[PDB]
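The block underneath contains the structure these notes are about, expressed in structure tokens.
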Amino acid sequence: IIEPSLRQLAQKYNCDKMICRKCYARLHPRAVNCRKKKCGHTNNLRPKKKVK
Amino acid sequence: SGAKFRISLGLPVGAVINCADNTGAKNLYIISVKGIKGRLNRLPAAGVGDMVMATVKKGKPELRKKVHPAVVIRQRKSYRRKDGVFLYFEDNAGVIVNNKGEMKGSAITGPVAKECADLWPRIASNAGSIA
Amino acid sequence: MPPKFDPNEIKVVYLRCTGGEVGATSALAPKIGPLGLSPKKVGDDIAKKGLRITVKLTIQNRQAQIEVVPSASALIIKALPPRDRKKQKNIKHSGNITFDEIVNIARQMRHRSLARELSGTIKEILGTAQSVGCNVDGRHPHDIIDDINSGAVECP
Amino acid sequence: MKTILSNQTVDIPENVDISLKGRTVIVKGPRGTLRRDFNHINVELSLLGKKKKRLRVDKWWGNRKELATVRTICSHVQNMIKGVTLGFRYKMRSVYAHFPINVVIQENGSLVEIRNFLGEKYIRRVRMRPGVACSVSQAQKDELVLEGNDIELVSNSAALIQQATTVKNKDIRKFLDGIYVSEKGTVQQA
Amino acid sequence: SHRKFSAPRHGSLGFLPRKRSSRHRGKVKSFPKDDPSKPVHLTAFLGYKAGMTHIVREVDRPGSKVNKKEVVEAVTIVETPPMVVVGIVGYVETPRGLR
Amino acid sequence: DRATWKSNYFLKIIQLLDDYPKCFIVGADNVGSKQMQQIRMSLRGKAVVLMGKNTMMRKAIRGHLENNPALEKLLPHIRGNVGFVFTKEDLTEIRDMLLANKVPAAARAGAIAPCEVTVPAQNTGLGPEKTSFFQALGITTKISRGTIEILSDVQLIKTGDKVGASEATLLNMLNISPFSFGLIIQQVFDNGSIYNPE
RNA sequence: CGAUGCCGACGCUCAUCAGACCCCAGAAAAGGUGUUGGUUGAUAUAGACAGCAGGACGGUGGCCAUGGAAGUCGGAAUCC
RNA sequence: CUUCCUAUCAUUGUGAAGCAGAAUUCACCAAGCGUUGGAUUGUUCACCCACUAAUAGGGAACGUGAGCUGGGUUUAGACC
Ligand SMILES: [Zn+2]
């Protein structure tokens with residue numbers, strides 16, 4: 001059984017992320033440049049798609 | 001548990017083994033053992049108690065000319081138990097079966113190797129004598 | 001009420017649409033009612049122009065669906081040759097439904113929103129709460145946003 | 001480029017004495033002592049005033065990447081001030097939707113066994129960093145508490161037991177369970 | 001071209017000065033590591049291989065299809081008369097190696 | 001800031017002082033967007049409310065130029081967010097009707113809590129819901145006498161404690177706040193004759 | 001490998017694939033709040049950008065589309 | 001029969017979904033380890049039956065004739 005607060009606490013670590021469209025990294029939610037040098041710090045970012 | 005300790009595989013692809021049930025077949029023509037990954041240039045071999053695909057070459061016209069799963073009951077190659085007795089029957093044998101693991105006929109003639117009766121309980125139900 | 005009429009203080013209100021004709025929501029009165037043991041039967045009684053959508057606040061004091069059409073003027077202006085689809089009537093009126101005096105009644109009964117000076121500020125609201133002809137003929141609010149002092153003390 | 005000076009001052013409380021052998025700041029408070037080595041970082045540290053009122057860091061002739069460490073030296077000391085006077089508590093909650101997380105503290109402050117996670121039969125044991133003590137919260141039904149006088153060892157040792165319970169080969173946005181940090185306070189706060 | 005059909009290799013290259021041994025007896029190349037908690041004891045012995053023979057025993061592996069049954073198992077017989085100590089040698093660690 | 005926005009800010013506040021005879025210094029402390037809407041909805045029946053970010057600063061440049069004199073007696077008193085209300089009302093009506101409302105506005109995430117609330121073991125209003133949101137942090141509450149009754153009575157609410165995203169939400173439906181200031185007045189401007197509320 | 005074993009001048013660059021000299025055997029369109037310069041428009045004591053201080057407000061699921069759209073296929077519309 | 005490559009079919013570690021689980025598709029470090037038995041054709045290629053974790057692609061003078069085979073090209077005999 002999961003509770004209201006806990007779920008939004010869990011969603012902080014697994015569900016509110018930014019993803020880099022060129023290398024599929026998992027960025028922190030307020031980033032506009034990727035982190036890895038294997039795509040060139042690209043700024044093509046999209047939110048990690050939230051479930052149905 | 002699920003132990004099936006190695007028994008000397010003695011029927012390579014091409015073996016023609018007498019059918020042993022009442023489905024009306026008389027010869028199973030092994031095409032490929034089931035579960036063997038093999039090596040470059042090595043015929044798959046089917047031991048005793050190993051599901052093996054087979055095409056009846058002489059019998060009921062209904063059965064002939066299609067691929068039926070089979071199980072090898074008695075093999076002629078002397079195989080070892082895990083107590084040092086080398087049991088080997090008089091002829092190759094087999095029986096048609098569904099891929100769900102249960103017989104098509106309902107009357108097996110001759111003995112059945114104890115290796116099979118431990119593996120396919122459906123066969124061990126109809127076995128005349130588990131030799 | 002929602003699961004099994006739980007022991008609580010249900011006085012639920014919801015924002016419901018499509019009065020009159022069913023629309024494509026395929027429902028008129030309830031949004032959370034039927035699963036709460038509070039029937040939509042009496043909400044259908046109020047459901048029976050405007051052939052079109054509204055916004056409905058519905059009140060459920062633990063057993064009774066007393067559906068109230070809100071006293072917002074736009075919800076009542078419209079309700080008072082077939083009014084067919086794909087209009088595009090510029091804007092929704094016939095041009096002679098007396099816009100300047102439908103909004104007299106609204107100004108005197110709408111007292112639950114939109115900070116009011118003397119009633120020259122409620123008239124700004126309830127002419128802009130409208131979407132039938134958008135502040136009689138098509139001049140939209142463009143420089144009418146200072147009359148809260150120069151037409152409010154001269155509103156009555 | 002080539003900034004002639006950018007400095008920073010660390011006002012330290014009066015209950016604390018800090019000594020430094022060049023670049024090895026040793027801070028001591030009500031809860032113990034902490035030693036940190038700032039080597040290969042090239043900042044000159046000074047200390048002014050009676051009772052050691054203020055620590056002053058310094059940095060001469062520093063370009064951009066070599067300049068941004070003057071504050072980092074300052075910022076860690078604050079955590080070495082706070083960590084020794086107050087002392088850190090990192091509250092962390094166990095989310096479970098399958099069936100219970102069975103965490104038991106096998107020893108004083110280590111071997112935090114985590115049974116029945118997602119139904120697994122594996123006993124995921126984790127050993128905390130030295131000097132970080134783990135206790136199962138008497139205050140709430142499902143929380144651990146990590147107390148320690150150093151943020152790097154306290155915070156890291158929390159990331160382990162959080163990371164040591166990771167769902168694999170499943171929709172992460174659906175299997176929301178594990179152990180996740182919640183609150184980051186101090187031992188005595190207000 | 002490439003090999004038409006893939007295949008595993010023959011033999012093992014990890015054994016590849018394939019030639020006669022210089023020794024005649026085994027030369028244990030690395031003794032077990034000493035855990036100095038244990039009381040002192042020898043590590044290796046020197047035996048002679050006589051032949052082979054059968055054996056029969058029970059077996060109690062839980063879950064095996066052979067549990068609590070007889071098994072026959074080919075064995076050797078390494079005749080091992082007691083040795084005789086005659087000499088002592090001391091080794092010192094050197095950055096080059098052992099001396 | 002802009003220029004037209006700045007000149008409009010000059011234009012809006014300068015007219016409202018002339019439009020209504022006098023203007024009161026009422027404390028417009030931290031309060032919700034719609035919660036302070038009602039502050040403008042309550043106080044306007046014959047009055048104008050105005051919150052200024054840079055309109056309120058012209059008091060300095062006006063005070064030097066001695067229009068509506070002596071604003072230097074009132075310039076550095078605006079530490080904290082107090083505000084002006086352009087009314088034809090009087091000194092006691094502005095004070096009491098803004099005291100009377102006592103808006104229980106919704107708080108912010110990640111704030112601090114200098115102000116405290118006692119947490120008794122009775123019912124204050126908790127409609128159809130589950131106690132699980134309280135059961136998140138170990139508080140278990142029963143359901144009796146209508147609303148959910150929080151049986152805990154200890155001072156759960158202290159000074160300076162950290163408020164999480166869900167923490168302000170709980171106090172919202174209980175309609176209690178750690179910032180219970182309301183609207184406060186102690187300074188009056190009356191046509192050059194500076195006063196305090198009478 | 002004969003010659004800087006000048007206490008050579010001013011700078012730029014971190015590469016988990018650095019770069020290193022005519023013909024020459026050292027690849028591009030495109031990217032990078034990596035870093036160091038430049039050009040242009042702004043804003044700051046009618047005081048900045050942050051952060052603390054409140055949030056996507058309400059008439060309102062406006063009216064409609066009915067294509068289901070309370071911020072969404074899509075609508076002359078689309079304000080207070 | 002040996003080795004090598006990666007632009008990876010399967011295996012170890014991981015990232016993303018219009019990803020509930022099962023199966024899956026896009027991608028990253030990655031060549032350690034595997035990538036089969038057969039009917040027909042001289043066949044490389046192709047198409048099929050069967051099993052399998054998958055039946056991925058290639059190079060080394062289009063590897064390899066003082067290693068073999070000589071089936072087909074491609075001498076001389078012949079027939080259409
Ligand atoms: Zn990236």
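Naming works like this for the structure tokens: A, B, ... for the chains as they're shown, residue 1 at the start of each chain, ligands 1 onward in shown order.
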
Surroundings of ligand 1 up to 7 Å, based on only C-alpha atoms (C1' of nucleotides) and all ligand atoms, as a PDB file with N, CA and C atoms, in the first residue's frame:
ATOM      1  N   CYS A  20      18.142  13.536 -22.545  1.00  0.00           N
ATOM      2  CA  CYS A  20      18.859  14.100 -23.678  1.00  0.00           C
ATOM      3  C   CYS A  20      18.587  13.283 -24.931  1.00  0.00           C
ATOM      4  N   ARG A  21      18.070  13.941 -25.967  1.00  0.00           N
ATOM      5  CA  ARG A  21      17.577  13.249 -27.150  1.00  0.00           C
ATOM      6  C   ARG A  21      18.677  12.671 -28.022  1.00  0.00           C
ATOM      7  N   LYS A  22      19.940  12.998 -27.771  1.00  0.00           N
ATOM      8  CA  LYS A  22      21.015  12.464 -28.595  1.00  0.00           C
ATOM      9  C   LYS A  22      21.754  11.298 -27.953  1.00  0.00           C
ATOM     10  N   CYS A  23      21.729  11.175 -26.621  1.00  0.00           N
ATOM     11  CA  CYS A  23      22.411  10.078 -25.948  1.00  0.00           C
ATOM     12  C   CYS A  23      21.589   9.413 -24.853  1.00  0.00           C
ATOM     13  N   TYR A  24      20.350   9.845 -24.627  1.00  0.00           N
ATOM     14  CA  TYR A  24      19.449   9.202 -23.670  1.00  0.00           C
ATOM     15  C   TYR A  24      19.993   9.241 -22.244  1.00  0.00           C
ATOM     16  N   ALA A  25      20.654  10.330 -21.876  1.00  0.00           N
ATOM     17  CA  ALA A  25      21.069  10.475 -20.492  1.00  0.00           C
ATOM     18  C   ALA A  25      19.851  10.779 -19.626  1.00  0.00           C
ATOM     19  N   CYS A  34      23.143  18.811 -21.767  1.00  0.00           N
ATOM     20  CA  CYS A  34      23.405  17.470 -21.281  1.00  0.00           C
ATOM     21  C   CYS A  34      24.665  17.466 -20.424  1.00  0.00           C
ATOM     22  N   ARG A  35      24.975  16.304 -19.868  1.00  0.00           N
ATOM     23  CA  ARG A  35      26.114  16.185 -18.972  1.00  0.00           C
ATOM     24  C   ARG A  35      27.288  15.448 -19.587  1.00  0.00           C
ATOM     25  N   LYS A  36      27.042  14.605 -20.581  1.00  0.00           N
ATOM     26  CA  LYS A  36      28.053  13.694 -21.081  1.00  0.00           C
ATOM     27  C   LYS A  36      28.744  14.264 -22.307  1.00  0.00           C
ATOM     28  N   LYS A  38      29.884  12.446 -24.696  1.00  0.00           N
ATOM     29  CA  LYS A  38      29.674  11.537 -25.814  1.00  0.00           C
ATOM     30  C   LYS A  38      28.513  11.958 -26.699  1.00  0.00           C
ATOM     31  N   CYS A  39      27.933  13.127 -26.452  1.00  0.00           N
ATOM     32  CA  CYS A  39      27.017  13.742 -27.394  1.00  0.00           C
ATOM     33  C   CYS A  39      27.296  15.219 -27.605  1.00  0.00           C
ATOM     34  N   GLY A  40      28.174  15.823 -26.816  1.00  0.00           N
ATOM     35  CA  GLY A  40      28.566  17.196 -27.042  1.00  0.00           C
ATOM     36  C   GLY A  40      27.681  18.196 -26.340  1.00  0.00           C
ATOM     37  N   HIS A  41      27.314  17.908 -25.091  1.00  0.00           N
ATOM     38  CA  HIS A  41      26.553  18.835 -24.256  1.00  0.00           C
ATOM     39  C   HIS A  41      25.358  19.418 -25.000  1.00  0.00           C
ATOM     40  N   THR A  42      24.729  18.607 -25.840  1.00  0.00           N
ATOM     41  CA  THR A  42      23.672  19.117 -26.701  1.00  0.00           C
ATOM     42  C   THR A  42      22.501  19.634 -25.879  1.00  0.00           C
TER      43      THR A  42
END

DSSP-assigned alpha helix (DSSP H) among segment 70-100 of chain C, expressed as a VMD selection string: chain C and resid 73 to 77 99 to 100

Near-residue 115 of chain C list (9 Å; only C-alpha atoms (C1' of nucleotides); drop same-chain fewer than 2 positions) as a ChimeraX atom specification: /C:112-113,117,121-122,125 /F:37-45

Residues from last step as file, C-alpha atoms, as a short mmCIF file (atom, residue, chain, number, x, y, z; two decimals), in the first residue's frame:
data_model
loop_
_atom_site.label_atom_id
_atom_site.label_comp_id
_atom_site.auth_asym_id
_atom_site.auth_seq_id
_atom_site.Cartn_x
_atom_site.Cartn_y
_atom_site.Cartn_z
CA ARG C 112 -19.55 36.33 -5.46
CA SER C 113 -16.59 37.31 -7.66
CA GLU C 117 -16.35 49.18 -6.72
CA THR C 121 -17.11 47.74 -11.91
CA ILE C 122 -19.55 44.82 -11.84
CA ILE C 125 -17.16 42.17 -15.19
CA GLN F 37 -7.92 38.73 -4.67
CA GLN F 38 -10.65 38.48 -2.02
CA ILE F 39 -8.65 41.13 -0.15
CA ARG F 40 -9.35 43.34 -3.15
CA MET F 41 -12.83 41.83 -3.49
CA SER F 42 -13.68 42.49 0.16
CA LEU F 43 -12.20 45.96 0.47
CA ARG F 44 -13.53 47.36 -2.81
CA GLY F 45 -17.13 48.30 -2.56
#

Could you produce a table of the residues of segment 23-115 of chain B lying within 8 Å of segment 26-38 of chain H, with the nearest pair of atoms per residue and their separation in Å rounded to one decimal, using only C-alpha atoms (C1' of nucleotides), ordered by chain and increasing residue number, as a Markdown table?
| residue | atom | partner | partner_atom | distance |
| --- | --- | --- | --- | --- |
| B:32 | CA | H:37 | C1' | 7.4 |
| B:37 | CA | H:36 | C1' | 6.7 |
| B:38 | CA | H:36 | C1' | 5.9 |
| B:39 | CA | H:36 | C1' | 6.2 |
| B:40 | CA | H:36 | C1' | 6.5 |
| B:41 | CA | H:37 | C1' | 7.5 |
| B:42 | CA | H:37 | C1' | 7.0 |
| B:43 | CA | H:37 | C1' | 5.7 |
| B:44 | CA | H:37 | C1' | 6.6 |

Given the selection you just returned, output its residues as a file containing N, CA, C and O atoms, formatted as a compact mmCIF listing (two decimals), in the first residue's frame.
# COMPACT_ATOMS: atom_id res chain seq x y z
N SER B 32 15.52 -34.44 -36.34
CA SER B 32 16.35 -33.57 -35.52
C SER B 32 15.96 -33.76 -34.07
O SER B 32 14.78 -33.70 -33.72
N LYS B 37 22.20 -28.00 -29.30
CA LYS B 37 22.73 -26.80 -29.93
C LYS B 37 23.83 -27.11 -30.92
O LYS B 37 23.99 -26.38 -31.90
N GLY B 38 24.60 -28.16 -30.68
CA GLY B 38 25.46 -28.72 -31.71
C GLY B 38 26.73 -27.92 -31.95
O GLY B 38 26.99 -26.87 -31.39
N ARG B 39 27.54 -28.48 -32.85
CA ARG B 39 28.81 -27.90 -33.25
C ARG B 39 28.91 -28.02 -34.76
O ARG B 39 28.16 -28.76 -35.39
N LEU B 40 29.84 -27.26 -35.35
CA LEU B 40 30.16 -27.41 -36.76
C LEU B 40 30.32 -28.87 -37.15
O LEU B 40 31.19 -29.56 -36.62
N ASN B 41 29.47 -29.32 -38.07
CA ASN B 41 29.62 -30.61 -38.74
C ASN B 41 29.49 -31.78 -37.76
O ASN B 41 30.36 -32.64 -37.69
N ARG B 42 28.39 -31.80 -37.01
CA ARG B 42 28.11 -32.89 -36.08
C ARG B 42 26.62 -33.19 -36.11
O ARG B 42 25.81 -32.32 -35.80
N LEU B 43 26.27 -34.42 -36.45
CA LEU B 43 24.87 -34.82 -36.47
C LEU B 43 24.29 -34.79 -35.07
O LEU B 43 24.94 -35.28 -34.13
N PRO B 44 23.11 -34.22 -34.86
CA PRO B 44 22.48 -34.31 -33.55
C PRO B 44 22.18 -35.76 -33.21
O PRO B 44 21.84 -36.56 -34.07

All strand (DSSP E or B) residues (DSSP, backbone) inside segment 2-129 of chain B, as JSON, numbers by chain: {"B": [11, 12, 16, 17, 18, 19, 27, 28, 29, 30, 31, 32, 33, 45, 46, 51, 52, 53, 54, 58, 68, 69, 70, 71, 79, 80, 86, 87, 93, 94, 95, 96, 97, 103, 112]}

What are the residues of chain H that have an atom within 7 Å of an atom of chain E, counting only C-alpha atoms (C1' of nucleotides), as a PDB file with C-alpha atoms (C1' of nucleotides), in the first residue's frame?
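Listing of iface-v1.pdb after writing:
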ATOM      1  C1'   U H  35      26.532 -17.940 -34.671  1.00  0.00           C
ATOM      2  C1'   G H  58      33.063  -9.180 -42.969  1.00  0.00           C
ATOM      3  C1'   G H  59      38.887  -8.987 -44.188  1.00  0.00           C
ATOM      4  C1'   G H  63      43.084 -16.135 -47.451  1.00  0.00           C
TER       5        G H  63
END
